[PDB]
Structure formats: C-alpha cells, structure tokens
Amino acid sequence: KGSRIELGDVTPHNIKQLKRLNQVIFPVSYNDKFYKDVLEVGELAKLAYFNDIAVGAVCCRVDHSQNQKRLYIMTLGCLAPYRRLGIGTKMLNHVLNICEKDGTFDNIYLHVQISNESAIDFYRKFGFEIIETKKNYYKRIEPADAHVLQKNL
C-alpha cells in the first residue's frame, strides 16, 4: 500500500538493464549463458523499481542436489544509494512467496562472500543460517571464502 517499490518481469527488452545493474552491484562477472537462463526462469528473476527507476534485481534457479529440491539465489541486490529502503526485503519476500505457494522446495540457499557483513545481517533477519564456510569459493577476488546461507522450508 502506497509503496514506491515494484517488481517487474525480466524480458529480451530489458535484459540489458539487468546486466548493467549486476555489473555495478556485484564484484564478479556473469556470462551470456546466465542471462539466457534468466530469460527462461519466469518468476525466479525480477527487476526491482523505485519510483519506476530500475534499481535492483534478483535471479534464482531450481537446484536438485543433496537429494533435495532447492531454491538457489544467485544474485540479489540493489544500487548503493537505494539500500535500506526495503528493496532487498521486497525481492526476498517475492522468492519466499513462490516457495510457500509451490510447497515442494526443501530449502533455499545462497553463497555470501565472508566480508559482506550487511548481506549476512540481511539474510539472518529472514531466518537464513550460516551452515558452512567454503574456502576459496571465489577464483579472482578477495576474500575468496564464502558462507553458505540456508533457510529450511
């Protein structure tokens, strides 16, 4: 109600906006295959708009591993001047709502570079827990270590 934040679908018309947002927000680069895959995941990928300004995005994929159906969050973020306005919450609530409505997911997980204190704090507010610390997860960036954050459903 009265919200300045809206999510919209990712399409061949606005994929260039998603790529530009991910280039600015994340310290790693994603390939043509990641974006081609994003166009096929439907609701698992969304752009976030603040007053109709594309300022963030979320991209997920269904992961079948550990003999489970898992929702894997690949990228979730928003431009630095728009942080702490609820954009992250709106994107994460969208992914939790798909999982609740579907009912076949065992858990939802993601990787967070250990230096990202803000992202750990953000995810722990939604019931995600640090289940593992993977050493040398990132190839060319420092710190290379990543925490595995998971929420059980």
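When you see a residue number, it is the position in the sequence shown, counting from 1.
Participant: Taking the mean of the C-alpha B-factors per stretch from the entry, tell me the winner out of 29-37 and 82-90.
Facilitator: It is 29-37.
Participant: Tell me which of 96-104 and 47-55 has the higher mean C-alpha B-factor in the deposited entry.
Facilitator: On average, C-alpha B-factors are higher across 96-104.
Participant: Ranking every modelled residue in this chain by its Cα temperature factor as given in the entry, which third contains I5?
Facilitator: For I5, whose C-alpha B-factor we compare with every modelled residue in the chain, the answer is the lowest third.
Participant: Sort the modelled residues of this chain by their C-alpha B factor and say whether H111 lands in the lowest, middle or highest third.
Facilitator: According to the entry, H111 has a C-alpha B-factor in the chain's lowest third.
Participant: Based on the entry's values, in what third of the chain does the Cα temperature factor of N136 lie: lowest, middle or highest?
Facilitator: As the PDB entry reports it, the C-alpha B-factor of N136 lands in the highest third of its chain.
Participant: Please say which third, lowest, middle or highest, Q17 falls into when its CA temperature factor is compared across its chain.
Facilitator: Highest third - that is where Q17 ends up once the chain's C-alpha B-factors are sorted.
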